[PDB]
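Enquirer: Below is the file coords.txt, which contains compact mmCIF, C-alpha atoms.
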```txt
# COMPACT_ATOMS: atom_id res chain seq x y z
CA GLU A 91 -23.26 -5.75 -3.16
CA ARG A 92 -19.48 -6.56 -3.45
CA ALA A 93 -16.37 -4.45 -2.60
CA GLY A 94 -16.80 -0.85 -1.59
CA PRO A 95 -16.15 2.40 -3.40
CA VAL A 96 -12.64 3.02 -1.92
CA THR A 97 -11.50 -0.50 -2.83
CA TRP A 98 -12.75 0.24 -6.44
CA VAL A 99 -11.52 3.81 -6.95
CA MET A 100 -7.98 2.82 -5.94
CA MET A 101 -8.01 -0.17 -8.38
CA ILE A 102 -9.19 2.08 -11.21
CA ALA A 103 -6.65 4.74 -10.29
CA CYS A 104 -3.77 2.22 -10.47
CA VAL A 105 -5.21 0.85 -13.70
CA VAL A 106 -5.29 4.30 -15.31
CA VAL A 107 -1.70 5.06 -14.28
CA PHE A 108 -0.41 1.62 -15.39
CA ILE A 109 -1.95 2.28 -18.82
CA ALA A 110 -0.53 5.80 -19.07
CA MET A 111 2.78 4.16 -18.26
CA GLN A 112 2.33 1.70 -21.16
CA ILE A 113 1.50 4.43 -23.68
CA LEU A 114 4.07 7.02 -22.45
CA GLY A 115 6.70 4.78 -20.79
CA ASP A 116 7.70 4.50 -17.11
CA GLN A 117 10.13 7.41 -17.16
CA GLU A 118 7.73 10.09 -18.30
CA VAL A 119 5.16 8.99 -15.71
CA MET A 120 7.71 8.54 -12.91
CA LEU A 121 8.95 12.05 -13.69
CA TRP A 122 5.63 13.55 -12.57
CA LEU A 123 4.41 10.92 -9.97
CA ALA A 124 7.62 9.86 -8.13
CA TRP A 125 8.52 11.02 -4.65
CA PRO A 126 10.39 14.46 -5.13
CA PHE A 127 14.02 13.79 -6.20
CA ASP A 128 14.90 17.43 -5.70
CA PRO A 129 13.98 19.73 -2.70
CA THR A 130 12.77 22.41 -5.13
CA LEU A 131 9.96 19.89 -5.94
CA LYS A 132 8.90 19.35 -2.29
CA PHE A 133 5.83 21.52 -2.76
CA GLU A 134 4.30 19.18 -5.37
CA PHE A 135 2.53 17.24 -2.54
CA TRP A 136 0.70 14.82 -4.84
CA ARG A 137 4.08 12.95 -5.11
CA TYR A 138 4.08 11.83 -1.46
CA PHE A 139 1.12 9.63 -2.37
CA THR A 140 1.20 9.12 -6.14
CA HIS A 141 4.32 6.83 -6.12
CA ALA A 142 1.86 4.19 -4.77
CA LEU A 143 -0.14 4.25 -8.01
CA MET A 144 2.67 3.32 -10.31
CA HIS A 145 3.39 -0.26 -11.31
CA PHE A 146 6.11 -1.60 -13.51
CA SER A 147 4.60 -4.82 -14.79
CA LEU A 148 1.28 -6.62 -15.16
CA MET A 149 2.30 -9.05 -12.35
CA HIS A 150 3.40 -6.16 -10.12
CA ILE A 151 0.00 -4.59 -10.43
CA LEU A 152 -2.05 -7.78 -10.41
CA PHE A 153 -0.43 -9.09 -7.27
CA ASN A 154 -0.82 -5.80 -5.34
CA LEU A 155 -4.43 -5.35 -6.53
CA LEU A 156 -5.44 -8.85 -5.48
CA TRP A 157 -4.19 -8.14 -1.95
CA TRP A 158 -5.59 -4.61 -1.95
CA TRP A 159 -9.03 -5.94 -3.13
CA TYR A 160 -9.09 -8.73 -0.53
CA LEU A 161 -7.60 -6.81 2.43
CA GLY A 162 -8.90 -3.31 1.53
CA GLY A 163 -12.35 -4.61 0.69
CA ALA A 164 -12.48 -6.41 4.08
CA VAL A 165 -11.43 -3.20 5.93
CA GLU A 166 -13.98 -1.13 3.95
CA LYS A 167 -16.76 -3.80 4.53
CA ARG A 168 -16.29 -4.26 8.34
CA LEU A 169 -14.94 -0.77 9.18
CA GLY A 170 -16.02 1.63 6.43
CA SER A 171 -14.54 3.80 3.75
CA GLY A 172 -13.10 6.33 6.23
CA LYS A 173 -10.78 3.78 7.84
CA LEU A 174 -9.34 2.44 4.47
CA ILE A 175 -8.67 6.01 3.18
CA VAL A 176 -6.68 6.84 6.30
CA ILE A 177 -4.73 3.55 6.48
CA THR A 178 -3.99 4.19 2.76
CA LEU A 179 -2.89 7.88 3.05
CA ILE A 180 -0.75 7.40 6.14
CA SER A 181 0.87 4.19 4.88
CA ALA A 182 1.65 5.56 1.42
CA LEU A 183 3.05 8.71 2.99
CA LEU A 184 5.27 6.76 5.42
CA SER A 185 6.41 3.78 3.38
CA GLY A 186 7.25 6.27 0.64
CA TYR A 187 9.32 8.23 3.19
CA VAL A 188 11.25 5.23 4.52
CA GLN A 189 11.72 3.80 1.00
CA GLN A 190 13.07 7.05 -0.31
CA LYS A 191 15.81 6.94 2.46
CA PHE A 192 16.66 3.35 1.80
CA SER A 193 17.07 3.61 -1.90
CA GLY A 194 16.21 7.03 -3.34
CA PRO A 195 13.23 8.47 -5.00
CA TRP A 196 12.78 6.17 -8.04
CA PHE A 197 10.24 3.59 -6.82
CA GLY A 198 6.48 2.91 -7.09
CA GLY A 199 3.84 0.44 -6.02
CA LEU A 200 1.02 -0.16 -3.66
CA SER A 201 2.91 -2.78 -1.56
CA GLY A 202 3.59 -0.40 1.36
CA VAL A 203 -0.17 0.11 1.59
CA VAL A 204 -0.70 -3.65 1.25
CA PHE A 205 1.72 -4.45 4.09
CA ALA A 206 -0.10 -1.86 6.26
CA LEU A 207 -3.36 -3.55 5.42
CA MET A 208 -1.90 -7.02 6.33
CA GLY A 209 -0.45 -5.86 9.68
CA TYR A 210 -3.75 -4.06 10.44
CA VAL A 211 -6.20 -6.86 9.50
CA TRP A 212 -4.03 -9.48 11.36
CA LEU A 213 -3.57 -7.39 14.56
CA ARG A 214 -7.17 -6.14 14.65
CA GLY A 215 -8.20 -9.79 14.21
CA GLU A 216 -5.79 -10.92 16.95
CA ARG A 217 -6.75 -8.29 19.58
CA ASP A 218 -10.29 -7.62 18.61
CA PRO A 219 -12.00 -10.67 17.02
CA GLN A 220 -15.24 -8.59 17.43
CA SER A 221 -15.09 -6.38 14.31
CA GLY A 222 -15.14 -9.44 11.95
CA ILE A 223 -11.72 -8.61 10.56
CA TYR A 224 -9.07 -11.33 10.53
CA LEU A 225 -6.06 -12.68 8.64
CA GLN A 226 -5.54 -16.42 8.17
CA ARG A 227 -2.20 -17.75 9.37
CA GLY A 228 -1.79 -19.01 5.75
CA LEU A 229 -1.74 -15.37 4.68
CA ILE A 230 0.45 -14.26 7.66
CA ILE A 231 2.83 -17.02 6.49
CA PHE A 232 2.71 -15.42 3.06
CA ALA A 233 3.41 -11.97 4.53
CA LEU A 234 6.71 -13.02 6.29
CA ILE A 235 7.88 -15.10 3.29
CA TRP A 236 7.27 -12.07 1.12
CA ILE A 237 9.34 -9.94 3.54
CA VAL A 238 12.38 -12.31 3.74
CA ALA A 239 11.99 -12.88 -0.06
CA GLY A 240 12.31 -9.04 -0.33
CA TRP A 241 15.55 -9.11 1.72
CA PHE A 242 17.06 -11.41 -1.02
CA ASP A 243 15.37 -9.62 -3.97
CA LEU A 244 14.09 -13.12 -4.93
CA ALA A 253 8.65 -0.02 2.34
CA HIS A 254 7.45 -3.40 3.63
CA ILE A 255 8.36 -3.36 7.26
CA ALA A 256 7.50 0.41 7.42
CA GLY A 257 4.07 -0.44 6.00
CA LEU A 258 3.79 -3.41 8.26
CA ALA A 259 4.61 -1.24 11.34
CA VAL A 260 2.03 1.48 10.41
CA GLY A 261 -0.76 -1.11 10.07
CA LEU A 262 0.25 -2.84 13.34
CA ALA A 263 0.43 0.51 15.20
CA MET A 264 -2.99 1.69 13.85
CA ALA A 265 -4.59 -1.66 14.69
CA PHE A 266 -3.14 -1.48 18.20
CA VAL A 267 -4.45 2.00 18.77
CA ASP A 268 -7.87 0.90 17.35
CA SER A 269 -7.90 -2.14 19.72
CA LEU A 270 -7.24 -0.31 23.02
CA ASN A 271 -11.03 -0.85 23.47
CA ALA A 272 -10.14 -4.34 25.02
```
Any chance you could put this one into structure tokens?

Expert:
Amino acid sequence: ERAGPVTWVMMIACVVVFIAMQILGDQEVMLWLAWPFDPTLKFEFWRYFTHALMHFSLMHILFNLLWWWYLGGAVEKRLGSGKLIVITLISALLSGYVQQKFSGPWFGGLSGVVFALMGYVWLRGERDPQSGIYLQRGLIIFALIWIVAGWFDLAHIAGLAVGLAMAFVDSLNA
């Protein structure tokens, strides 16, 4: 009667990891969950996705999970659990890949997924007001501020581009 099962299972997953991180420390958990730092480790495939589960502070997590719950829960409500899973897998895969090239393999966070969900929801809403999915200009304003804020350290754009591409492809139905 609220947010769907994919919205919830992600939130719990990131909660479990964040706690493990508190009890064991960041390093120990990064060591097993981070994008491979060494080609020998390229067959531990969980790492191409599991970087997205790790958060480094209670604000880090809370801020991502608020967006995830609002955006992801809207995608799962209007479009189903299948669509969220796939936006989530592809975006984590790709924003992890771009991020790793920008700055190496020691990173974590669901914000690549979150920027895919923002691009997606906003474009789908723009091109396809039908499916009940839309992003307020207030929130699109918060997206771009968040991006330029990131450029001044006050993944993102890669995420953004995946969500915009997927939403385009999904809105070729006029």

Enquirer: Write out as lines of an AutoDock Vina configuration file an axis-aligned box for range 201-210 of chain A: all of its atoms listed in the file, 5 Å added on each side, centre and edge lengths in Å with one decimal.

Expert:
```
center_x = -0.1
center_y = -3.5
center_z = 4.4
size_x = 17.3
size_y = 17.1
size_z = 22.0
```

Enquirer: Just checking: using all atoms listed in the file, which residue out of A:154, A:112, A:178, A:190 ends up closest to residue 126 in chain A?

Expert: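 Closest to residue 126 in chain A, using all atoms listed in the file: A:190.
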
Enquirer: Go through A:189, A:208, A:177, A:124 one by one, measure the shortest atom-to-atom distance of each to residue 268 in chain A using all atoms listed in the file, and give the residue with the smallest value.

Expert: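 Among the listed residues, A:177 lies closest to residue 268 in chain A.
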
Enquirer: Identify which of the residues A:188, A:216, A:222, A:229 lies closest to residue 260 in chain A, counting all atoms listed in the file when measuring atom-to-atom distances.

Expert: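 Comparing A:188, A:216, A:222, A:229 against residue 260 in chain A, the winner is A:188.
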
Enquirer: Which is closer to residue 128 in chain A than all the others in A:230, A:170, A:194, A:263, using all atoms listed in the file?

Expert: A:194

Enquirer: Using all atoms listed in the file, list the residues that have an atom at most 8 Å from (0.8, -5.6, 3.4), coordinates as in the file, as a PDB file with C-alpha atoms, in the coordinates of the input.

Expert:
```pdb
ATOM      1  CA  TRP A 157      -4.190  -8.140  -1.950  1.00  0.00           C
ATOM      2  CA  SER A 201       2.910  -2.780  -1.560  1.00  0.00           C
ATOM      3  CA  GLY A 202       3.590  -0.400   1.360  1.00  0.00           C
ATOM      4  CA  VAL A 203      -0.170   0.110   1.590  1.00  0.00           C
ATOM      5  CA  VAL A 204      -0.700  -3.650   1.250  1.00  0.00           C
ATOM      6  CA  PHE A 205       1.720  -4.450   4.090  1.00  0.00           C
ATOM      7  CA  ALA A 206      -0.100  -1.860   6.260  1.00  0.00           C
ATOM      8  CA  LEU A 207      -3.360  -3.550   5.420  1.00  0.00           C
ATOM      9  CA  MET A 208      -1.900  -7.020   6.330  1.00  0.00           C
ATOM     10  CA  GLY A 209      -0.450  -5.860   9.680  1.00  0.00           C
ATOM     11  CA  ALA A 233       3.410 -11.970   4.530  1.00  0.00           C
ATOM     12  CA  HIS A 254       7.450  -3.400   3.630  1.00  0.00           C
ATOM     13  CA  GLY A 257       4.070  -0.440   6.000  1.00  0.00           C
ATOM     14  CA  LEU A 258       3.790  -3.410   8.260  1.00  0.00           C
TER      15      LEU A 258
END
```

Enquirer: Can you tell me, as a ChimeraX atom specification, what residues are no more than 9 Å from residue 197 in chain A when counting all atoms listed in the file, ignoring any on the same chain fewer than 4 positions away?

Expert: /A:120,124-125,141-142,144,186,189-190,193

Enquirer: Rounded to one decimal place, report the CA of residue 164 in chain A-CA of residue 91 in chain A distance in Å.

Expert: 13.0 Å

Enquirer: Which residue is closest to residue 163 in chain A? Choose from A:184, A:96, A:269, A:261 and count all atoms listed in the file.

Expert: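 Using all atoms listed in the file, residue 163 in chain A sits closest to A:96.
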
Enquirer: Figure out the distance between CA of residue 140 in chain A and CA of residue 179 in chain A, please, to one decimal in Å.

Expert: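 CA of residue 179 in chain A sits 10.1 Å away from CA of residue 140 in chain A.
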
Enquirer: Neighbouring residues of residue 109 in chain A were defined as those with any atom within 12 Å, considering all atoms listed in the file; residues of the same chain fewer than 6 positions away were excluded. Please report them as a VMD selection string.

Expert: chain A and resid 102 to 103 115 to 116 119 143 to 148 151

Enquirer: Using all atoms listed in the file, which of A:93, A:176, A:195, A:117 sits nearest residue 161 in chain A?

Expert: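 Distance minimum relative to residue 161 in chain A lands on A:93.
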
Enquirer: Within 10 Å of residue 171 in chain A, counting all atoms listed in the file, which residues qualify if same-chain residues fewer than 2 places away don't, as a ChimeraX atom specification?

Expert: /A:94-97,162-163,165-169,173-176

Enquirer: Expressed in Å to a single decimal, how great is the separation between CA of residue 136 in chain A and CA of residue 192 in chain A?

Expert: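 So the two atoms, CA of residue 136 in chain A and CA of residue 192 in chain A, lie 20.7 Å apart.
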